[PDB]
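Asker: My structure is below; once you've seen it, I'll send some questions.
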Amino acid sequence: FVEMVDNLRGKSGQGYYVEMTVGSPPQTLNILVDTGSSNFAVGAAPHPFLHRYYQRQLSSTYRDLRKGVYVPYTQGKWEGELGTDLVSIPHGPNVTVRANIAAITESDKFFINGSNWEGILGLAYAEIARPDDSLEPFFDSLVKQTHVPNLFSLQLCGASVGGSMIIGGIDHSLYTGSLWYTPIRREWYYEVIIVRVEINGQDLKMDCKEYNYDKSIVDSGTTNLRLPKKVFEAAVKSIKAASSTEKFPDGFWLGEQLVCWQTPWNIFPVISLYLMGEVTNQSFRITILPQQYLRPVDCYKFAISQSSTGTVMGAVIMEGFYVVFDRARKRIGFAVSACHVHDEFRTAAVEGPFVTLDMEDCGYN
Ligand SMILES: CC(=O)N[C@@H](Cc1ccc(F)cc1)[C@H](O)CN[C@H]1CC2(CCC2)Oc2ncc(CC(C)(C)C)cc21
């Protein structure tokens, strides 16, 4: 799968993109890779921020669906016209498929000024597609029309970022140790269940329901580890305590201020999420280093932040790990990334099995 290794580019805070082609003849575009949504959408008009855009008039294979589509994210909304056309990933599998494409014709605080991407690839399930679940998501179309296995994996490497999207398989060269899998609780977002949390090794004795209210998801289109309220205060409480030996401003834990050195790494704790495992009463844990939740912006940004719609395991989480979206078996795999920025002293980690009871009662119903 070395054809696909290192096919992801980006800039810190601006997402990860892959090169795609649309229409005949092929128009090359950079497309943000987003496991947190299920629309395939590309700029189709000359918005001043865009390096390029989809020009339907140039395409033999374009077909109008004569439906409008609207999509608001956490922030950012766009509106568009649905169509289908032929699509390829040059540094991906050797195929071409007909896919739904939203030609973005109006947007609001969506495109990033200074970014080098022109669209977004929603990789999650139909259930959350707009206007509705009859709009077959890209990856569903990819699997139905080719012999590409129903699986993709992400090694997000973390001012320029790099990484790999392996479509249809796994590249064992992108990780060390063993993959550990957690069930996809439901096929809409990539929903999982967190069952326990630990800073430097200390539990938080919270009802595990507080971790998955109203959901926990794996989202590559989100930068931060985003915890619910209770959970966020508790974890800074614990990190501020473990790291107290150097005084840090309040702006820095709000993610406003910066720290600058010429970096006492082991001043800072590891953070640990236990995930529901494959077997009744068995879990595993994933552990991130300071080198993960501290975003280089020799200065650093605290990258854990409060949330509101559930836990979101964003690039802060995913940059420590190789993440396998095993859609065929309703599960997501985590393994230590071979590219994660580590340490002579420490590493990010994933280990098990652990015994943890009542893992069902952990997710909101
Ligand atoms: C930070 C952010 O919102 N990133 C988005 C993609 C994105 C948007 C703009 C941008 F400039 C870069 C990436 C992700 O798609 C967010 N993913 C989840 C993340 C959550 C779900 C829990 C937090 O909020 C979302 N709300 C709406 C959508 C779109 C929908 C059509 C599926 C309802 C998705 C999400």
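In the structure tokens, the first chain shown is A, the next is B, and so on; residue numbers restart at 1 for each chain, and ligands run from 1 in the order shown.
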Using only C-alpha atoms, tabulate the residues of region 228-343 of chain A lying at most 8 Å from any atom of region 143-166 of chain A, each with its closest atom pair and that distance in Å to one decimal, by chain and increasing residue number, as JSON lines.

Answerer:
{"residue": "A:297", "atom": "CA", "partner": "A:159", "partner_atom": "CA", "distance": 7.6}
{"residue": "A:315", "atom": "CA", "partner": "A:156", "partner_atom": "CA", "distance": 7.2}
{"residue": "A:318", "atom": "CA", "partner": "A:156", "partner_atom": "CA", "distance": 6.4}
{"residue": "A:319", "atom": "CA", "partner": "A:156", "partner_atom": "CA", "distance": 5.0}
{"residue": "A:320", "atom": "CA", "partner": "A:157", "partner_atom": "CA", "distance": 7.9}
{"residue": "A:321", "atom": "CA", "partner": "A:155", "partner_atom": "CA", "distance": 6.7}
{"residue": "A:322", "atom": "CA", "partner": "A:155", "partner_atom": "CA", "distance": 4.7}
{"residue": "A:323", "atom": "CA", "partner": "A:154", "partner_atom": "CA", "distance": 5.1}
{"residue": "A:324", "atom": "CA", "partner": "A:153", "partner_atom": "CA", "distance": 4.2}
{"residue": "A:325", "atom": "CA", "partner": "A:152", "partner_atom": "CA", "distance": 5.4}
{"residue": "A:326", "atom": "CA", "partner": "A:151", "partner_atom": "CA", "distance": 4.8}
{"residue": "A:327", "atom": "CA", "partner": "A:151", "partner_atom": "CA", "distance": 5.4}
{"residue": "A:328", "atom": "CA", "partner": "A:150", "partner_atom": "CA", "distance": 5.3}
{"residue": "A:337", "atom": "CA", "partner": "A:155", "partner_atom": "CA", "distance": 6.9}
{"residue": "A:339", "atom": "CA", "partner": "A:157", "partner_atom": "CA", "distance": 5.8}
{"residue": "A:340", "atom": "CA", "partner": "A:157", "partner_atom": "CA", "distance": 6.1}

Asker: Show me, as a ChimeraX atom specification, the residues that have an atom within 10 Å of residue 242 (chain A) when counting only C-alpha atoms, minus same-chain residues fewer than 5 positions from it.

Answerer: /A:199-200,236-237,266-270

Asker: Convert the current residue selection to file output with N, CA and C atoms, as a PDB file, in the first residue's frame.

Answerer:
ATOM      1  N   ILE A 199      -5.643  10.499  34.379  1.00  0.00           N
ATOM      2  CA  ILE A 199      -4.521  11.404  34.165  1.00  0.00           C
ATOM      3  C   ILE A 199      -3.325  10.923  34.966  1.00  0.00           C
ATOM      4  N   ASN A 200      -2.237  10.673  34.246  1.00  0.00           N
ATOM      5  CA  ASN A 200      -1.010  10.055  34.764  1.00  0.00           C
ATOM      6  C   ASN A 200      -1.202   8.685  35.437  1.00  0.00           C
ATOM      7  N   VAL A 236      -7.834  19.206  33.661  1.00  0.00           N
ATOM      8  CA  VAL A 236      -6.890  20.308  33.855  1.00  0.00           C
ATOM      9  C   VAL A 236      -6.488  20.336  35.340  1.00  0.00           C
ATOM     10  N   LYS A 237      -7.491  20.249  36.217  1.00  0.00           N
ATOM     11  CA  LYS A 237      -7.289  20.052  37.654  1.00  0.00           C
ATOM     12  C   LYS A 237      -6.132  19.075  37.903  1.00  0.00           C
ATOM     13  N   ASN A 266       8.758  15.761  30.669  1.00  0.00           N
ATOM     14  CA  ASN A 266       8.286  14.923  31.774  1.00  0.00           C
ATOM     15  C   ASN A 266       7.735  15.699  32.975  1.00  0.00           C
ATOM     16  N   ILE A 267       7.517  16.997  32.778  1.00  0.00           N
ATOM     17  CA  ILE A 267       6.739  17.815  33.704  1.00  0.00           C
ATOM     18  C   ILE A 267       5.262  17.485  33.527  1.00  0.00           C
ATOM     19  N   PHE A 268       4.934  16.999  32.337  1.00  0.00           N
ATOM     20  CA  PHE A 268       3.553  16.826  31.900  1.00  0.00           C
ATOM     21  C   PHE A 268       3.056  15.368  31.904  1.00  0.00           C
ATOM     22  N   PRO A 269       1.819  15.155  32.398  1.00  0.00           N
ATOM     23  CA  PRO A 269       1.253  13.803  32.514  1.00  0.00           C
ATOM     24  C   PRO A 269       0.844  13.151  31.171  1.00  0.00           C
ATOM     25  N   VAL A 270       0.749  11.824  31.167  1.00  0.00           N
ATOM     26  CA  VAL A 270       0.040  11.119  30.121  1.00  0.00           C
ATOM     27  C   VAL A 270      -1.472  11.195  30.397  1.00  0.00           C
TER      28      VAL A 270
END

Asker: Can you tell me which residues sit at most 6 Å away from ligand 1, counting only C-alpha atoms and all ligand atoms, written as a VMD selection string?

Answerer: chain A and resid 34 36 to 37 71 to 76 110 to 112 128 219 221 to 222 309 to 310

Asker: Write down as a short mmCIF file (atom, residue, chain, number, x, y, z; two decimals) with N, CA, C and O atoms, in the first residue's frame the residues belonging to region 71-313 of chain A that are assigned strand (DSSP E) by DSSP computed on the backbone.

Answerer:
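File produced: result.cif:
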data_model
loop_
_atom_site.label_atom_id
_atom_site.label_comp_id
_atom_site.auth_asym_id
_atom_site.auth_seq_id
_atom_site.Cartn_x
_atom_site.Cartn_y
_atom_site.Cartn_z
N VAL A 71 -25.54 22.36 4.58
CA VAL A 71 -24.77 21.66 5.62
C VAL A 71 -24.02 22.64 6.52
O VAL A 71 -23.06 23.27 6.07
N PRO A 72 -24.47 22.78 7.79
CA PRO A 72 -23.72 23.46 8.86
C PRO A 72 -22.91 22.46 9.71
O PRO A 72 -23.41 21.40 10.09
N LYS A 77 -20.84 26.84 7.41
CA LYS A 77 -21.90 26.24 6.67
C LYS A 77 -21.65 26.47 5.19
O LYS A 77 -20.98 27.43 4.79
N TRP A 78 -22.14 25.56 4.37
CA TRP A 78 -22.13 25.79 2.94
C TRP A 78 -23.44 25.32 2.39
O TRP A 78 -24.16 24.55 3.04
N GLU A 79 -23.75 25.78 1.18
CA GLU A 79 -24.95 25.36 0.46
C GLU A 79 -24.53 25.02 -0.96
O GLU A 79 -23.58 25.61 -1.50
N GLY A 80 -25.24 24.07 -1.56
CA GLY A 80 -24.83 23.54 -2.84
C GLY A 80 -25.89 22.82 -3.65
O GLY A 80 -27.04 22.64 -3.21
N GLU A 81 -25.47 22.39 -4.83
CA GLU A 81 -26.33 21.72 -5.77
C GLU A 81 -25.78 20.32 -5.94
O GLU A 81 -24.59 20.14 -6.21
N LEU A 82 -26.64 19.31 -5.78
CA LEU A 82 -26.18 17.93 -5.92
C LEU A 82 -26.01 17.48 -7.36
O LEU A 82 -26.68 17.95 -8.27
N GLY A 83 -25.09 16.56 -7.58
CA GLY A 83 -24.84 16.04 -8.90
C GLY A 83 -24.06 14.79 -8.64
O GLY A 83 -23.79 14.48 -7.48
N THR A 84 -23.76 14.04 -9.68
CA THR A 84 -22.83 12.95 -9.57
C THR A 84 -21.84 13.13 -10.69
O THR A 84 -22.13 13.81 -11.67
N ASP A 85 -20.67 12.53 -10.55
CA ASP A 85 -19.63 12.57 -11.57
C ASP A 85 -18.56 11.53 -11.20
O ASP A 85 -18.64 10.90 -10.13
N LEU A 86 -17.61 11.31 -12.10
CA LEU A 86 -16.59 10.30 -11.91
C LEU A 86 -15.48 10.86 -11.02
O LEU A 86 -15.08 12.01 -11.17
N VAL A 87 -14.98 10.02 -10.11
CA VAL A 87 -14.04 10.44 -9.07
C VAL A 87 -12.86 9.48 -8.88
O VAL A 87 -13.02 8.26 -8.91
N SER A 88 -11.66 10.03 -8.71
CA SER A 88 -10.46 9.25 -8.40
C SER A 88 -9.58 9.88 -7.34
O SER A 88 -9.58 11.10 -7.15
N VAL A 97 -14.91 5.94 -9.61
CA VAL A 97 -16.31 5.65 -9.29
C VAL A 97 -17.24 6.84 -9.53
O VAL A 97 -16.82 7.99 -9.50
N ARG A 98 -18.51 6.55 -9.77
CA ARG A 98 -19.50 7.60 -9.82
C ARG A 98 -19.91 7.89 -8.39
O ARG A 98 -20.33 6.99 -7.67
N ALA A 99 -19.79 9.15 -7.98
CA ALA A 99 -20.16 9.56 -6.63
C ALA A 99 -21.05 10.79 -6.61
O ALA A 99 -21.02 11.62 -7.50
N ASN A 100 -21.83 10.90 -5.56
CA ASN A 100 -22.52 12.14 -5.27
C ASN A 100 -21.49 13.21 -4.96
O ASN A 100 -20.52 12.96 -4.25
N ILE A 101 -21.68 14.40 -5.51
CA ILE A 101 -20.83 15.53 -5.22
C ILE A 101 -21.74 16.70 -4.99
O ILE A 101 -22.63 16.94 -5.80
N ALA A 102 -21.54 17.41 -3.88
CA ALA A 102 -22.20 18.70 -3.66
C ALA A 102 -21.30 19.81 -4.20
O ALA A 102 -20.19 20.04 -3.69
N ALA A 103 -21.76 20.46 -5.26
CA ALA A 103 -21.09 21.62 -5.80
C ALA A 103 -21.46 22.81 -4.91
O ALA A 103 -22.59 23.31 -4.96
N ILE A 104 -20.51 23.24 -4.09
CA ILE A 104 -20.72 24.34 -3.17
C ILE A 104 -20.82 25.66 -3.94
O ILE A 104 -19.86 26.08 -4.60
N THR A 105 -21.97 26.33 -3.83
CA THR A 105 -22.22 27.57 -4.56
C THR A 105 -22.39 28.79 -3.65
O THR A 105 -22.40 29.93 -4.12
N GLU A 106 -22.54 28.54 -2.35
CA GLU A 106 -22.57 29.57 -1.31
C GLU A 106 -22.01 28.94 -0.04
O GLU A 106 -22.27 27.78 0.25
N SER A 107 -21.24 29.71 0.72
CA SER A 107 -20.68 29.22 1.97
C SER A 107 -20.55 30.34 3.00
O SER A 107 -20.59 31.52 2.67
N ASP A 108 -20.42 29.97 4.26
CA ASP A 108 -20.30 30.96 5.33
C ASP A 108 -19.35 30.46 6.40
O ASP A 108 -19.65 29.49 7.13
N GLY A 119 -12.41 21.45 -0.79
CA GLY A 119 -13.58 20.63 -0.55
C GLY A 119 -13.37 19.75 0.65
O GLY A 119 -12.32 19.81 1.31
N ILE A 120 -14.37 18.91 0.93
CA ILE A 120 -14.40 18.10 2.13
C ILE A 120 -14.95 16.71 1.78
O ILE A 120 -15.91 16.57 1.02
N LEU A 121 -14.29 15.68 2.31
CA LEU A 121 -14.71 14.30 2.03
C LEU A 121 -15.27 13.74 3.32
O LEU A 121 -14.52 13.38 4.22
N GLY A 122 -16.60 13.71 3.43
CA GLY A 122 -17.22 13.09 4.57
C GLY A 122 -17.11 11.56 4.48
O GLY A 122 -17.65 10.95 3.55
N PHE A 152 -10.75 1.60 5.77
CA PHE A 152 -9.66 2.56 5.51
C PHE A 152 -8.99 2.87 6.83
O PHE A 152 -9.57 2.61 7.87
N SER A 153 -7.78 3.39 6.78
CA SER A 153 -7.05 3.71 8.00
C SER A 153 -6.35 5.03 7.85
O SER A 153 -6.05 5.46 6.74
N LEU A 154 -6.12 5.67 9.00
CA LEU A 154 -5.54 6.99 9.06
C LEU A 154 -4.34 7.06 10.02
O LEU A 154 -4.45 6.78 11.22
N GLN A 155 -3.19 7.44 9.47
CA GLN A 155 -2.07 7.85 10.30
C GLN A 155 -1.86 9.35 10.13
O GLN A 155 -1.20 9.79 9.18
N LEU A 156 -2.45 10.13 11.03
CA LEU A 156 -2.25 11.56 11.08
C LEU A 156 -0.95 11.89 11.83
O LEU A 156 -0.81 11.60 13.03
N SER A 160 3.57 22.75 8.78
CA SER A 160 2.95 21.79 7.87
C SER A 160 2.81 20.41 8.48
O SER A 160 3.70 19.92 9.17
N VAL A 161 1.68 19.77 8.20
CA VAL A 161 1.43 18.43 8.68
C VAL A 161 1.44 17.45 7.51
O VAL A 161 1.34 17.85 6.35
N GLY A 162 1.56 16.17 7.84
CA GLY A 162 1.58 15.11 6.85
C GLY A 162 0.88 13.90 7.43
O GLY A 162 0.47 13.92 8.60
N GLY A 163 0.72 12.86 6.62
CA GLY A 163 0.01 11.66 7.06
C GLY A 163 -0.37 10.76 5.92
O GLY A 163 -0.02 11.02 4.77
N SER A 164 -1.10 9.69 6.25
CA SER A 164 -1.48 8.69 5.25
C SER A 164 -2.92 8.27 5.44
O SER A 164 -3.36 8.02 6.56
N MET A 165 -3.65 8.20 4.32
CA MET A 165 -4.92 7.53 4.27
C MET A 165 -4.73 6.31 3.39
O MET A 165 -4.49 6.45 2.17
N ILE A 166 -4.79 5.13 4.01
CA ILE A 166 -4.76 3.85 3.30
C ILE A 166 -6.18 3.41 3.10
O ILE A 166 -6.89 3.10 4.06
N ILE A 167 -6.62 3.41 1.85
CA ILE A 167 -7.98 3.08 1.48
C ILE A 167 -7.97 1.59 1.17
O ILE A 167 -7.12 1.12 0.41
N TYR A 175 2.45 1.36 11.93
CA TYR A 175 2.30 1.23 13.38
C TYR A 175 3.27 0.25 14.01
O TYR A 175 3.90 -0.55 13.32
N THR A 176 3.38 0.33 15.34
CA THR A 176 4.12 -0.62 16.16
C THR A 176 3.18 -1.28 17.19
O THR A 176 2.09 -0.75 17.50
N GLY A 177 3.59 -2.44 17.71
CA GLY A 177 2.74 -3.24 18.55
C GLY A 177 1.49 -3.74 17.83
O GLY A 177 1.49 -4.00 16.63
N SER A 178 0.41 -3.83 18.57
CA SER A 178 -0.76 -4.51 18.09
C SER A 178 -1.93 -3.53 18.02
O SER A 178 -2.01 -2.58 18.81
N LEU A 179 -2.82 -3.78 17.07
CA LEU A 179 -4.07 -3.06 16.97
C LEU A 179 -5.01 -3.58 18.03
O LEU A 179 -5.07 -4.79 18.26
N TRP A 180 -5.74 -2.67 18.67
CA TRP A 180 -6.81 -2.99 19.61
C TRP A 180 -8.07 -2.35 19.10
O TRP A 180 -8.05 -1.20 18.65
N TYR A 181 -9.19 -3.08 19.13
CA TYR A 181 -10.39 -2.60 18.48
C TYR A 181 -11.50 -2.33 19.47
O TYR A 181 -11.68 -3.06 20.45
N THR A 182 -12.27 -1.28 19.17
CA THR A 182 -13.43 -0.92 19.96
C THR A 182 -14.64 -0.99 19.01
O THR A 182 -14.50 -0.69 17.83
N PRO A 183 -15.81 -1.44 19.49
CA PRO A 183 -16.98 -1.49 18.60
C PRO A 183 -17.48 -0.13 18.14
O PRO A 183 -17.52 0.83 18.93
N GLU A 191 -19.08 6.22 16.09
CA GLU A 191 -19.36 6.28 17.52
C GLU A 191 -18.75 5.11 18.27
O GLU A 191 -18.90 3.94 17.89
N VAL A 192 -18.11 5.45 19.37
CA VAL A 192 -17.53 4.48 20.26
C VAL A 192 -17.93 4.79 21.70
O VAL A 192 -18.54 5.84 21.98
N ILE A 194 -16.35 5.24 25.53
CA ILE A 194 -15.26 5.41 26.48
C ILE A 194 -15.78 4.90 27.81
O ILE A 194 -16.95 5.15 28.16
N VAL A 195 -14.96 4.16 28.54
CA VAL A 195 -15.47 3.51 29.74
C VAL A 195 -14.71 3.93 31.00
O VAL A 195 -15.16 3.66 32.10
N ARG A 196 -13.59 4.61 30.84
CA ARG A 196 -12.81 5.05 31.99
C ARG A 196 -11.82 6.07 31.48
O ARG A 196 -11.49 6.04 30.30
N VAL A 197 -11.37 6.98 32.35
CA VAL A 197 -10.38 8.02 32.02
C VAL A 197 -9.37 8.20 33.17
O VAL A 197 -9.74 8.12 34.33
N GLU A 198 -8.10 8.47 32.83
CA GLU A 198 -7.01 8.54 33.82
C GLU A 198 -5.93 9.57 33.47
O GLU A 198 -5.32 9.49 32.40
N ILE A 199 -5.64 10.50 34.38
CA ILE A 199 -4.52 11.40 34.17
C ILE A 199 -3.32 10.92 34.97
O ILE A 199 -3.39 10.78 36.18
N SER A 216 -19.73 9.69 22.02
CA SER A 216 -18.30 9.85 21.79
C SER A 216 -17.99 9.44 20.36
O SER A 216 -18.48 8.41 19.90
N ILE A 217 -17.20 10.23 19.65
CA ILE A 217 -16.95 9.88 18.25
C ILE A 217 -15.51 10.08 17.85
O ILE A 217 -14.76 10.77 18.54
N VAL A 218 -15.11 9.45 16.75
CA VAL A 218 -13.78 9.66 16.20
C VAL A 218 -13.89 10.57 15.00
O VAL A 218 -14.50 10.21 13.99
N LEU A 225 -8.96 17.33 21.24
CA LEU A 225 -9.64 16.44 22.15
C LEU A 225 -10.69 17.31 22.82
O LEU A 225 -10.36 18.29 23.49
N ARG A 226 -11.95 16.97 22.62
CA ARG A 226 -13.05 17.77 23.12
C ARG A 226 -13.90 16.96 24.09
O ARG A 226 -14.71 16.11 23.68
N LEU A 227 -13.71 17.23 25.38
CA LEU A 227 -14.40 16.54 26.48
C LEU A 227 -15.65 17.31 26.91
O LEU A 227 -15.70 18.52 26.74
N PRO A 228 -16.66 16.61 27.46
CA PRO A 228 -17.68 17.42 28.13
C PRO A 228 -17.16 18.15 29.38
O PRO A 228 -16.11 17.79 29.96
N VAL A 259 3.10 28.95 25.99
CA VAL A 259 4.30 28.78 26.80
C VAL A 259 5.47 28.75 25.83
O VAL A 259 5.35 28.18 24.75
N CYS A 260 6.60 29.37 26.19
CA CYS A 260 7.79 29.33 25.35
C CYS A 260 9.06 28.90 26.10
O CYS A 260 9.38 29.45 27.16
N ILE A 271 -2.29 11.16 29.34
CA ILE A 271 -3.76 11.08 29.45
C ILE A 271 -4.25 9.77 28.84
O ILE A 271 -3.71 9.32 27.82
N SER A 272 -5.27 9.16 29.45
CA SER A 272 -5.69 7.80 29.09
C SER A 272 -7.18 7.63 28.98
O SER A 272 -7.93 7.89 29.94
N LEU A 273 -7.61 7.19 27.80
CA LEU A 273 -8.99 6.78 27.58
C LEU A 273 -9.07 5.26 27.49
O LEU A 273 -8.28 4.62 26.77
N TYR A 274 -9.98 4.67 28.25
CA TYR A 274 -10.25 3.24 28.14
C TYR A 274 -11.44 3.14 27.24
O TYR A 274 -12.43 3.85 27.45
N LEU A 275 -11.36 2.26 26.25
CA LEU A 275 -12.44 2.07 25.30
C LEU A 275 -13.06 0.71 25.48
O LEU A 275 -12.39 -0.21 25.94
N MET A 276 -14.34 0.58 25.14
CA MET A 276 -15.00 -0.71 25.13
C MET A 276 -14.26 -1.62 24.15
O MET A 276 -13.99 -1.23 23.02
N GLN A 282 -14.22 -6.85 28.72
CA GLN A 282 -12.85 -6.54 28.36
C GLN A 282 -12.74 -5.13 27.72
O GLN A 282 -13.49 -4.79 26.82
N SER A 283 -11.81 -4.32 28.21
CA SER A 283 -11.52 -3.04 27.54
C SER A 283 -10.04 -2.94 27.20
O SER A 283 -9.28 -3.87 27.47
N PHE A 284 -9.63 -1.81 26.61
CA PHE A 284 -8.21 -1.52 26.42
C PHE A 284 -8.00 -0.03 26.64
O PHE A 284 -8.97 0.72 26.69
N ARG A 285 -6.76 0.41 26.77
CA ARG A 285 -6.58 1.86 26.86
C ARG A 285 -5.60 2.46 25.87
O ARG A 285 -4.65 1.82 25.43
N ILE A 286 -5.91 3.68 25.49
CA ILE A 286 -5.06 4.47 24.65
C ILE A 286 -4.52 5.63 25.49
O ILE A 286 -5.23 6.26 26.27
N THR A 287 -3.24 5.89 25.33
CA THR A 287 -2.55 6.84 26.18
C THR A 287 -1.78 7.82 25.29
O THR A 287 -0.99 7.40 24.44
N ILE A 288 -2.05 9.11 25.48
CA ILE A 288 -1.32 10.20 24.79
C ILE A 288 -0.27 10.91 25.66
O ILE A 288 -0.47 11.11 26.85
N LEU A 294 -0.31 19.08 23.49
CA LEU A 294 0.38 20.36 23.33
C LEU A 294 0.73 20.64 21.86
O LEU A 294 1.71 20.10 21.33
N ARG A 295 -0.08 21.47 21.20
CA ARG A 295 0.13 21.80 19.78
C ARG A 295 1.22 22.87 19.59
O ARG A 295 1.06 24.02 20.05
N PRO A 296 2.34 22.50 18.92
CA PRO A 296 3.35 23.50 18.54
C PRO A 296 2.75 24.62 17.67
O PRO A 296 2.14 24.35 16.63
N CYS A 299 7.45 27.20 21.03
CA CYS A 299 6.26 27.48 21.83
C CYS A 299 5.09 26.50 21.62
O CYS A 299 5.01 25.84 20.58
N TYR A 300 4.18 26.43 22.61
CA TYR A 300 3.13 25.39 22.63
C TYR A 300 1.72 25.83 23.05
O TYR A 300 1.55 26.68 23.92
N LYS A 301 0.72 25.22 22.41
CA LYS A 301 -0.71 25.42 22.70
C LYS A 301 -1.35 24.18 23.38
O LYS A 301 -1.23 23.05 22.88
N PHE A 302 -2.04 24.42 24.49
CA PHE A 302 -2.85 23.39 25.14
C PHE A 302 -4.05 23.08 24.25
O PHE A 302 -4.89 23.95 24.00
N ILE A 304 -6.46 20.49 24.55
CA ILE A 304 -7.68 19.89 25.09
C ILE A 304 -8.62 21.03 25.41
O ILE A 304 -8.19 22.06 25.92
N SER A 305 -9.90 20.86 25.09
CA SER A 305 -10.86 21.95 25.24
C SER A 305 -12.24 21.40 25.54
O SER A 305 -12.51 20.25 25.27
N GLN A 306 -13.10 22.25 26.10
CA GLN A 306 -14.47 21.87 26.47
C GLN A 306 -15.31 21.57 25.24
O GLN A 306 -15.01 22.05 24.14
N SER A 307 -16.36 20.77 25.43
CA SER A 307 -17.25 20.33 24.37
C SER A 307 -18.69 20.39 24.85
O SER A 307 -18.94 20.76 25.98
N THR A 311 -18.07 13.54 23.62
CA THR A 311 -16.62 13.50 23.41
C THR A 311 -16.30 13.42 21.90
O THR A 311 -17.00 12.75 21.13
N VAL A 312 -15.29 14.18 21.48
CA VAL A 312 -14.83 14.15 20.10
C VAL A 312 -13.35 13.85 20.16
O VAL A 312 -12.56 14.61 20.71
N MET A 313 -12.98 12.70 19.63
CA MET A 313 -11.58 12.36 19.55
C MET A 313 -11.12 12.91 18.22
O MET A 313 -11.38 12.35 17.15
#

Asker: Please provide the set of residues having any atom within 7 Å of region 16-28 of chain A, restricted to only C-alpha atoms, with same-chain residues fewer than 5 positions apart removed, written as a ChimeraX atom specification.

Answerer: /A:7-10,33,59-62,85-90,117

Asker: Could you tell me how far CA of residue 293 (chain A) lies from CA of residue 232 (chain A), in Å and to one decimal?

Answerer: 13.0 Å

Asker: From the list A:348, A:330, A:44, A:362, which residue is nearest residue 278 (chain A) when using only C-alpha atoms?

Answerer: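 So, comparing all the options, the nearest one is A:330.
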
Asker: I'd like the interatomic distance between CA of residue 354 (chain A) and CA of residue 231 (chain A), to a tenth of an Å.

Answerer: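 Between CA of residue 354 (chain A) and CA of residue 231 (chain A) the gap works out to 21.7 Å.
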
Asker: Between CA of residue 187 (chain A) and CA of residue 224 (chain A), what is the distance in Å, rounded to a tenth?

Answerer: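 If I compute the distance from CA of residue 187 (chain A) to CA of residue 224 (chain A), I get 22.4 Å.
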
Asker: Go through region 219-357 of chain A and collect every residue that DSSP, computed from the backbone, puts in alpha helix (DSSP H); the answer should be as a PyMOL selection string.

Answerer: chain A and resi 229-242+290-293+315-318
